[PDB]
Structure formats: structure tokens, C-alpha cells
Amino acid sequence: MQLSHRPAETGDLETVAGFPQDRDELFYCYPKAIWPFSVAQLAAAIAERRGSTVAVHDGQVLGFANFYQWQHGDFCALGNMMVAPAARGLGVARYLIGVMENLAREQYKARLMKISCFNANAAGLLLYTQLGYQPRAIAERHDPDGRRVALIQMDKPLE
């Protein structure tokens, strides 16, 4: 995979908004959103966050991520981690997570990256573990049907 990255642009919105394939996927990556996802919801997120970044391979936008919390000299918290359905398991998330770790270190002088992953997302839990994130706490949250879910709060020192 010959991946590159750059800040997200207006022209990328419609592509990225296409990535979540069902309510579960949308909830795992953006729990405040409402299905169906839309460019307007994505742009709202981008406006209130920092670091929105796309990953590109062979002229295609295949991944997106940003920070929903950032604290200079401290930590950032990774959000909106989305991958195109034709590129799942090919290393795009792993790549973009590395890019975002660098951006957190270099631009925000972060010592830590935080990632919160919902219990049902096994693939995410195992990816973040492979990348060196450790579980720190479990929080009770609710899904769109009002059912209780467990949010696993993980972190990793940067360097």
C-alpha cells in the first residue's frame, strides 16, 4: 500500500461521509452523529475538532481521522477514525494512526494519545492493542436504542 496523507479538504467530504456502512459503524466512529450520515454532519465535526486528515492511495481517499480533544504538552484523543469499505484490513487505519501520533507529538507536544473504543468493535480493540495502546478504564455509555455499551478507554505514550 503506497499511502500518503494531507489535511482534509471540502472536496473530500462526500467520499469520507460514504465510509460508515451501517448504524453500528457510524456509532463506533462518531457517536454524536445520527444515521444517515451526511456531509453537513461531517463538516460540523471538522469545524469543532482539530487535525482532520485523510489518507490517500492510488488517487483515492481511503481513510480519515481527527482529534476530538487536544491539550498542548499533554495528550490528544483520536476521533472519527473511518476507512473506506474496499480498503478494510489493508493497513490504512494503522498508517493514519501513526500519522496522527506524529502530528500529536510534533504539533501539540503530546506525551500521550488516548483512544476510546466501544466494546463491540473487536477489530478496533485488537488493532489499537497491536499498536501498543493499553486499556485504562471502562465507562458506561448508551447507544442510539438506549442500550448500555462499555467504552474502553485506552492510551499510549508517544515517542
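Counting begins at 1, following the sequence as shown.
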Checklist outcome for this item: Avg C-alpha B-factor, entry values, 86 to 94 vs 115 to 123, higher side is 86 to 94
Checklist outcome for this item: Among the modelled residues of its chain, the C-alpha B-factor of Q134 falls in the third labelled middle
Checklist entry - Going by what the PDB entry lists, where does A43 fall on CA B-factor within its chain: lowest, middle or highest third? => result middle
Checklist outcome for this item: In terms of its chain's C-alpha B-factors, the third that includes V56 is the middle
Item to check | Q21, C-alpha B-factor rank within chain (lowest, middle or highest third) | outcome: highest
Checklist entry - Among the chain's modelled residues, which third holds the C-alpha B-factor of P31? => result middle
